[PDB]
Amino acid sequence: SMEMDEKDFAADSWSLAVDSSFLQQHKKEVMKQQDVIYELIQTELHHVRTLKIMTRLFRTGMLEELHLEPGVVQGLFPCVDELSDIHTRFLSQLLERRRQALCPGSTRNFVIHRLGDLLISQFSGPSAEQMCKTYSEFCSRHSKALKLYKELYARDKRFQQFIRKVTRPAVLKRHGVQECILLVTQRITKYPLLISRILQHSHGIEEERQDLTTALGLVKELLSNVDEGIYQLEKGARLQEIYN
């Protein structure tokens, strides 16, 4: 993550991120809506950071310091480049919507009134087909990736040595290889909970309530399709096991 976005999202809530004299000028209903919107952006920023740990720290570190095959690394971090592209683009739109909403003379005081339109765009058309195919692929290769990691850690001395070294910093405490894989798999199921709670405090403007109700329906349709598209791969699985 970059310092600028980390400081903008360091506080535990929107009510604590903005100046208290700016907070005091708003209704409680607005504060409640803005707190859940802030949590959606803060967790998207953390998710993109998890994918950068997977591509830059783990994946590239293995390719540059170890003598493993490129197909081993691909099995350990499936679709990480595609996933990083999708979520970095989504995060860029969320951060621009916040920046556009800032008060002149301020880098922290803002109110996001429109979000549903941005959520409909992300979860519809070509961008939704690409998240659907990418998550169906990722979640079907999840078990194989964990099994491949465990095989390499217990058999390869230099792989075990690499892991102990790059995961030693305190900032990586909850971000090992297996933790990053489950963090990515669980991300998609957080969106309906966040969007439903934002919708709960977005009844003031009818266009916004409808845009968020449409966005909630799109995320649920996407999740149902990713769930249907999953067929868990096994390393060294035989054709007979598959067609039975």
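Heads up: residue numbers just count along the shown sequence, starting at 1. Under this definition, the rigid core comprises the largest set of C-alpha atoms superposing within 1.5 Å between the forms.
Rigid core superposition in 9 other deposited structures of this protein puts the Cα atoms of one stretch, out of 63 to 71 and 27 to 35, farther from the shown form on average, and that stretch is 63 to 71. The PDB entry records a higher mean C-alpha B factor for 69 to 77 than for its counterpart among 69 to 77 and 141 to 149. Relative to its counterpart among 91 to 99 and 158 to 166, 158 to 166 has the higher mean temperature factor, C-alpha atoms as listed in the PDB entry. Going by the entry's values, 27 shows the largest Cα B-factor out of 175, 190, 52, 27. Considering 44, 207, 179, 35 together, the PDB entry gives 207 the largest C-alpha B factor. Among the modelled residues of its chain, residue 221 has a C-alpha B-factor that falls in the highest third according to the deposited record. Compared with the other modelled residues of the chain, the Cα B-factor recorded for residue 127 ranks in the highest third. Residue 62: CA B factor in the highest third of modelled residues in this chain (values from the PDB entry).
In the deposited entry, the Cα temperature factor of residue 10 sits in the bottom third of values across the chain's modelled residues.
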